[PDB]
Amino acid sequence: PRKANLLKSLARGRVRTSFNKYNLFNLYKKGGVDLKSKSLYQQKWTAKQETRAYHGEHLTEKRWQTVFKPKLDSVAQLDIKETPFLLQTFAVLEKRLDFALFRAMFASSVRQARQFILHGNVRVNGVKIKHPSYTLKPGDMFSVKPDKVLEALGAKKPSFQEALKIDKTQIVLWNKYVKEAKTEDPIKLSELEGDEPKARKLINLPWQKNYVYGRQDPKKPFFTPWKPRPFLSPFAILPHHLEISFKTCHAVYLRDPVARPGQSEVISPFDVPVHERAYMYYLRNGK
Amino acid sequence: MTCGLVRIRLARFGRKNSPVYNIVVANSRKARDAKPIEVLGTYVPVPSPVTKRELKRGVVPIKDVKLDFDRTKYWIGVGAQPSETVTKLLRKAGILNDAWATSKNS
Amino acid sequence: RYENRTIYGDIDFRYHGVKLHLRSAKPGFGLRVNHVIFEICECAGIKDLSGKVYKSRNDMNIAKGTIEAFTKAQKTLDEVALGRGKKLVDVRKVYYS
Amino acid sequence: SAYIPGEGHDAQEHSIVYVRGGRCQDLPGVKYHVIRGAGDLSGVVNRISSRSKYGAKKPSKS
Amino acid sequence: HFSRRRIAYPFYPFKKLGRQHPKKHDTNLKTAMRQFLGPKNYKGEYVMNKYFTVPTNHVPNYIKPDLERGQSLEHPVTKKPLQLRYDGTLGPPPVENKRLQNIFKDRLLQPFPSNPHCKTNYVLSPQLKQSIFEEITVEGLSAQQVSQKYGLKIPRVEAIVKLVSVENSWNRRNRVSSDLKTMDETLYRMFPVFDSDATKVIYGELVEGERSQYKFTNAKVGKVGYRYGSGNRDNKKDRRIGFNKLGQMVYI
Amino acid sequence: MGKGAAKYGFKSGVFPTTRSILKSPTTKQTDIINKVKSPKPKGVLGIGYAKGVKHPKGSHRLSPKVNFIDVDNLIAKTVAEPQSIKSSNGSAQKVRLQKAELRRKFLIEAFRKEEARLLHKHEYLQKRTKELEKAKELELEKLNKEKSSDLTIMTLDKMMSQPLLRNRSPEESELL
RNA sequence: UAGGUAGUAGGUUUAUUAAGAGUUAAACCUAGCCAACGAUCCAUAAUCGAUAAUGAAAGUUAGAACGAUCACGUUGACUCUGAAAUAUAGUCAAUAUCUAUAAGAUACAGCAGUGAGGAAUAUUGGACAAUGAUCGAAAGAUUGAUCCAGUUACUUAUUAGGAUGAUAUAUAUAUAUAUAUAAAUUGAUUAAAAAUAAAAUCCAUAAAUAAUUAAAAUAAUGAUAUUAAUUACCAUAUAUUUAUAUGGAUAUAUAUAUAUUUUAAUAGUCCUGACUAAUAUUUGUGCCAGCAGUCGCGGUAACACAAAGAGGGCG
């Protein structure tokens, strides 16, 4: 239920609701969904085979085909350009808590968002909702455990060997700096592996206060000093219908996604015609 | 303890754990869930849980009852037999005298 | 075109054998018509239409037929007005959805 | 009149089978097919794909 | 042909592969992303990539390999552009990628490198959130009027009210982890900032020495309790899955 | 979902109708009296009968008038006040008597409340229909007033003004 | 099935009936009444909804399930009872089994269950704790209604793990880490991949373990029931989800300066000529062998047979 021909597959040129770089490659290694040699069906299929992979990846086809709502909300609230109406095709997903959690960027992927909700990290209106299927409603604040948000917006703790390798190479570079300064002390290996504090104290650098890179805090199972997760800006989209507070790791479902002249609250990396072909396909119940 | 030609019983439409009872008036011959003469309301078996902090405080979980107080009149008067629970409900709600007590262990 | 998205009014032009019956739809209703009518509508601009082809769905004839409908049985609002000697009006903007 | 599918059958006069639906297109007569996987009919050997339609249990391995 | 649809080879031209070592056993889609990436560093990350680390000035850094064709390995310190040379030594290009120098002004706020209709909403300023929290608890002039007075949508300002109050509670409790004490600063600088000019139930009885745990609700016969029938669509695929006040998925 | 349910706001739900405690038209409707008594239109309408046709004897020739129940009169006919005072010297007996008169008092209220329901039905709705009479004339109120452009339609008034068909005058036929 | 109808059609007057009527019974008139807008006759079928399905809608289908109506409890008839029954009664007969010979008894279309029929449909379960029902003044008795569990993917639903990741070595703030040593699978000779795919790392929880203990119901009584949940040494209440502080729990070296149970991961199935998404090829066969909804496909390089790789569906 999470593999197929690969979710993060450079070969599977499909974008996912994630922050992974193999997913990022496919964000940039892709032009417009090819739709100029295909017929209606193949045109509809390409759209679906593409929109779903990002707009509702976890959800099953049976479920989505029941979740998808023919009538859409696009009346542009107090706001001339044309309203991307069919860009609200997957608004029901944006309404869902798990999808909105990725929109709030408190989880690396909508799948990780579902997991965070399952763990009980996601709490809506102070209520520990453990159901990713839950659909957020206007005025529903959804908060995720700060450590889980740190995990989502930070790198993972490297293995102690990896931390030593980073330091020993940096120590060699530090020795090179000292040697270069002369032209203008290496630490141990197995002994360091013997004890994390022993290595941490032995490996001291101007920045390293007796600690190892990535494992500065052994108690934290997140990279330390919390190296910020990369490949975040490429997918750093903040919805106006979804309040986000990274500082407090809190988010609020302000309102259901509403389309406006040349604007759609739905975070869609797919063009309106791409959404249109997929929407058309779902309109006939995926026929 | 409350049986007669015309009676007020609790129709069963709730699922497991919480079989929400339905305060309904039905004839003795008529079955409990058989379309009753009139449906006064529905009495939940489980008291609707209040805020856990409120539960710790004076506030107590309260069951949601749709009992139509004014409606039972047409039946209490004509002469129905409300289930002991309903009988008590009427007594407690002030629908009828608390003396409608059946002097049971309660 | 009406409001630059759909036809002006429901039509029924009969081209040769194909009997097209396209109906204008509310802003939003996507392009819902025969594959061919879709690609014509995709290139014409119509992005909110709906209809059906009865006796003989002659693919190509549907295409000749469709563009014929757009130019023959789709009199714009102005014409209706100037001709009848009156002035018809648009009420959807008078509401500002 | 039925048709036996798959490459290999155990049609023994007097066997009992389970008859199914389907045309034989070529055989101008067999308007009913049979199930290679019930009664006395068997399951083609080494049948590697579409096994269900042709009767066979996941050829397991050692 | 008319559909085919095969591998997602980079739309932009990318150095391919040739006469591979018999053991190399490699793939093109891998080399492609590999070039979208830069010689991996000891640290294990990528010292250089058009957008490797994170922006720091309100101006977002969304993937624009569209304008810059495909080359995307800028210098970390000199923010200076480079490209891969014949042998394989990173080095500058002989032609400015163009457009990427004068990037269409607003375009910067276009997350996806395709949809021209999805734009990141600039973050709210500290002063706005601060001033806003006070306005409510001081006089709370019509949020409707105050939102008009402050552009932010009516349910926008009201949402801040709860957020700031919670933020204040967190500040008093200092719960804000040293992480947030900084992480937030980076988020504040990955996007821009706005505000730049422009009689209910039956229970009236003695609730002492009695109590209405068995609380009730008045209604009128005819339109009242459950209905006989209502084919419980429980064998169907559209069941009413409500959520328990306690926190549990519960059938209507 | 039943297309029927849909019509009635989808979620509908069939429910045995709750009959009003009042079972028949009341005597408190002295107009209903003549409303269900005053002469019937024995004409085109089958309502009534044919004067010439002798009705089958033993059959009420005209529709039998529905009995008008007297709410207060019956209230006690159904449940009057006990004859003795506290004839009972036994508690439970007194409680049962009280529980008793208590059940009669609710019936007394039900009859009166149901009569009030019937009263406003022919009173409040009647005076609320008065506002309908006046509110409707407002439909043509803003419309009938001469609209800036009314000369356009009023251009062939002569055609209607001229006698389209005057047939023939007496003598005019005579000469013919 | 074209003529049907003789109590038939109507009229009148009696019988009985709570009661009108050929409704019966009776008596007597008259000549009707129905029918090609389908009579009479035959066949099939329990009926229906604010129930279920399908569609754009009219509709169309169903009748399991919810619920309403009917009708029957092996067949037939009749009779009493009784407000109301041709009563799952009785009566006599009919059919088929027993106590082992009665002017006998039974009839599972009550619940379990068995044999049969069939493509195909469950436990010889637990409890009266709840909601009803009958008896009783009450005490409380009965309750295969009912409520619960059991079997069965029949249906729905929800879960079924993320993050990060294409080698490994040896040397030598930042920053263009930097050489070298090699190896380095499955295809592949380049727009031919498999493949972030596996792998270590990494991070949790499900479960496992204490603790626990709500609520269906109370006057008490809970069958379910390993309760559901909560839940991590505790209370103690703090304060804001949260926190510190206190003692006890538990703490070692030699009472406190902290620890404060443990913890994983795993999908099939169908298709890939077109219809109809499925280009990385290849192989075997030889109009055979097989496939095939439809077009058709198989005789010398088969995209359609049977496979491999690769891939696309549903899950």
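For each chain, numbering begins from 1 and proceeds through the sequence as written. The entry may number the same residues differently, and residues missing coordinates are not shown. To label them, take the chains in the order written and letter them from A, then take the ligands in the order written and number them from 1. Any value reported refers to the chains on display, which are one part of a larger assembly. Each side-chain value is worked out from all heavy atoms of the structure, with water and hydrogens disregarded.

Per the deposited record, determination of this structure is attributed to cryo-EM, with the resolution reported as 3.2 Å.

Enquirer: Report on the overall build of chain F, specifying residues and quantitative values.
Expert: Scanning chain F from terminus to terminus reveals seven helices and zero strands. When the elements of chain F are put in sequence order from the N terminus, they spell out α-α-α-α-α-α-α. The globule rule used for comparison is 2.2 Å times the number of residues to the exponent 0.38, while the radius of gyration itself is calculated over C-alpha atoms. Against the globule reference of 16 Å for 176 residues, chain F gives a C-alpha radius of gyration of 31 Å, more extended than a compact globule. Any two residues having at least one pair of non-hydrogen atoms within 4.5 Å are treated as being in contact. Considering only intrachain contacts with a sequence separation of at least 6, the fraction spanning at least 24 residues in chain F is 66%. Areas reported as accessible are Shrake-Rupley estimates using a 1.4 Å probe. Residue values count occlusion only from the protein chains shown. For chain F, the accessible area works out to roughly 14200 Å², and carbon and sulfur atoms hold 60% of it. We count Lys and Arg on the positive side and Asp and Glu on the negative side, and we leave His and both chain ends out. Charged side chains are reduced to one point each, which is NZ for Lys, CZ for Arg, CG for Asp and CD for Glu. Across chain F, the mean location of the 38 positive side-chain charges is 14 Å away from that of the 20 negative side-chain charges. For helices the rule is a DSSP run of H or I covering at least 4 residues; for strands it is a run of E covering at least 2, with both sets numbered from the N terminus onward.

Enquirer: Could you give an account of a positive patch on the surface, with specific residues and numbers?
Expert: Taken together, the side chains of B:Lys52, B:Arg53, B:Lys56, B:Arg57 and E:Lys245 define a basic patch exposed on the protein surface. Topologically, B:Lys56 is positioned in helix 1 (residues 52–56). Put simply, a patch holds well-exposed residues, over 30% relative accessible area, that have no salt bridge, with like charges counted together within 9 Å and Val, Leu, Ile, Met, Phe, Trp or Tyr side chains within 5 Å. Salt bridge, as applied in this entry: a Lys or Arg side-chain nitrogen positioned within 4 Å of an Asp or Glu carboxyl oxygen.

Enquirer: Tell me about the sheet that holds strand 1 (residues 14–15) of chain C, and name the residues and values.
Expert: Residues and elements named next belong to chain C. The pairing criterion is simple: DSSP has to find at least two bridges between the two strands. Pairing within the open sheet is antiparallel, and its three strands lie in the order 1-2-3. Sheet topology places strand 1 and strand 3 (49–53) at the edges, where each strand pairs with a single neighbour. In the sheet, strand 2 (residues 18–24) pairs with strand 3 via five bridges, with the strands oriented antiparallel. What sits directly across from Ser-24, in strand 3, is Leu-49.

Enquirer: Give a description of a nonpolar patch on the surface that names residues and reports values.
Expert: On the surface, a cluster of nonpolar side chains totalling about 400 Å² of accessible area is made up of E:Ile241, E:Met249, E:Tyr251 and E:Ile252. For every residue, the accessible area obtained with a 1.4 Å probe (protein chains only) is divided by the maximum for its type, and the residue is called buried under 20%, exposed over 50%, and partly exposed between those limits. Taking the relative accessible area as the measure of exposure, E:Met249 reaches 43% and is therefore partly exposed.

Enquirer: Report on the pattern of salt bridges, specifying residues and quantitative values.
Expert: For the structure on display, the rule yields 42 salt bridges over all chains. As a salt-bridge pair, A:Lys227 and E:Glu45 come within 3.1 Å of each other at their nearest N and O atoms. Remark: E:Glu45 occurs in the loop between helix 1 (28–36) and strand 1 (83–84) and A:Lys227 occurs in the loop between helix 10 (196–202) and strand 3 (242–245); the pair is interchain, linking two chains. Here the two residues A:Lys227 and E:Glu45 agree in accessibility, since each one is buried.

Enquirer: An account of the nonpolar core is needed here, citing residue identities and associated values.
Expert: By nonpolar core is meant a set of buried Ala, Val, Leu, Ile, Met, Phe, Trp, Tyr and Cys residues that side-chain atoms within 4.5 Å join together. If you look at the biggest cluster of nonpolar residues, it comprises 89 residues, and the most contacted ones within it are A:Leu97, A:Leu101, A:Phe106, A:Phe142, A:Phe246 and E:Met183. Here the element with the most residues in this core is helix 11 (residues 272–283) of chain A; it accounts for six residues. Those residues within four positions of A:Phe106 in sequence are excluded, and the remaining contacts are A:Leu101, A:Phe116, A:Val144, A:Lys148, A:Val149, A:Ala152, A:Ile244, A:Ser245, A:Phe246, A:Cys249, A:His250 and A:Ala251. Counting 33 residues, the second largest nonpolar core, distinct from the first, contains B:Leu10, B:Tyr43, B:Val65 and E:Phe216.

Enquirer: Pulling in residues and values, what's your account of the interface of chain A and chain E?
Expert: Every contact between the two is made by 67 residues of chain A and, on the other side, 60 residues of chain E. Contact between chain A and chain E buries roughly 5800 Å² in total, counting both sides, with carbon and sulfur atoms accounting for 67%. When the buried surface of chain A facing chain E is broken down by residue, A:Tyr28, A:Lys29 and A:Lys247 rank first, second and third, together holding 15% of it. The tally of links between chain A and chain E comes to three salt bridges. For the purposes of these results, a polar contact is taken to be a pair of N or O atoms within 3.5 Å, where, inside protein, one atom must be able to donate a hydrogen and its partner to accept one; residues adjacent in sequence count only when each atom of the pair is a side-chain atom. One can count 15 residue pairs in polar contact joining chain A with chain E. Those elements giving two or more residues to the side of chain A that touches chain E turn out to be helix 1 (21–28), helix 2 (40–54), helix 3 (61–67), helix 7 (146–153), helix 8 (160–183), strand 3 and strand 4 (250–253) of chain A. Here the element with the most residues in the side of chain A that touches chain E is helix 1 of chain A; it accounts for six residues. Among the residues making up the side of chain A that touches chain E, the classes are represented as 34 nonpolar, 19 polar and 14 charged. Accessible surface is computed with a 1.4 Å probe, and the buried area is the amount of it that two parts give up when combined, taken over both parts together. Side-chain classes are defined by residue name, with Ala, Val, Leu, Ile, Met, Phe, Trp, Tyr, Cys and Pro counting as nonpolar, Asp, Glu, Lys and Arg as charged, and the others, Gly among them, as polar.

Enquirer: Describe the interface of chain A and chain C, naming the residues involved and giving the relevant values.
Expert: Between chain A and chain C, the residue contacts involve 11 residues of the former and 12 residues of the latter. The contact between chain A and chain C buries some 840 Å² in all, and 59% of this surface belongs to carbon and sulfur atoms. Joining chain A to chain C, the criterion identifies one salt bridge. With its nearest N and O atoms 3.0 Å apart, the salt bridge here joins A:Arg277 to C:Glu42. Inspection of the region where chain A meets chain C yields one residue pair in polar contact. If you list the elements that add at least two residues to the side of chain A that touches chain C, you get helix 2 and helix 11 of chain A. Considering each element in turn, the side of chain A that touches chain C owes the most residues, four residues, to helix 11 of chain A. Here the residues of the side of chain A that touches chain C are counted per class, giving six nonpolar, one polar and four charged.

Enquirer: With reference to specific residues and values, describe the pairing of strand 2 of chain C.
Expert: All names here are of chain C. Where strand 1 and strand 2 come together, two bridges link them in antiparallel fashion. Paired with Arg-14 across the bridge in strand 2 is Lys-19. Counting the residues between successive antiparallel strands, the hairpin from strand 1 to strand 2 contains two residues, one of them, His-16, with a positive phi of roughly 55°.

Enquirer: Break down the side chain of A:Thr46 for me, citing the residues and quoting the values.
Expert: All names here are of chain A. Tracing the chain through its elements places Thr-46 in helix 2. Accessibility expressed as a relative area gives 11% for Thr-46, which makes it buried. For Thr-46, the residues in contact, after removing those within four places along its chain, are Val-33, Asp-34, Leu-35 and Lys-38.

Enquirer: Go over the sheet that holds strand 3 of chain A with me, naming the residues and quoting the values.
Expert: Residues and elements named next belong to chain A. Read across the sheet, four strands follow the order 1-2-4-3 without closing on themselves; strand pairing throughout is antiparallel. The open sheet has two edge strands with one neighbour each: strand 1 (123–124) and strand 3. Examined bridge by bridge, strand 1 and strand 2 (residues 140–143) share two bridges and lie antiparallel to one another. Note on strand 2: the bridge partner recorded for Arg-123 is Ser-143.

Enquirer: Give a description of unusual backbone geometry that names residues and reports values.
Expert: Even without being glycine, A:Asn285 reaches a positive phi, approximately 60°. Inspection of the secondary structure assignment puts A:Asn285 in the segment after helix 11. Take A:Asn285: its relative accessible area is 51%, and that puts it in the exposed class. The phi dihedral of E:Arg211 falls on the positive side, at around 85°, and the residue is not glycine. Tracing the sequence through the fold places E:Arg211 in the loop between helix 5 (178–187) and strand 3 (241–243). The exposure class assigned to E:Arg211 is partly exposed, which follows from its relative accessible area of 44%.

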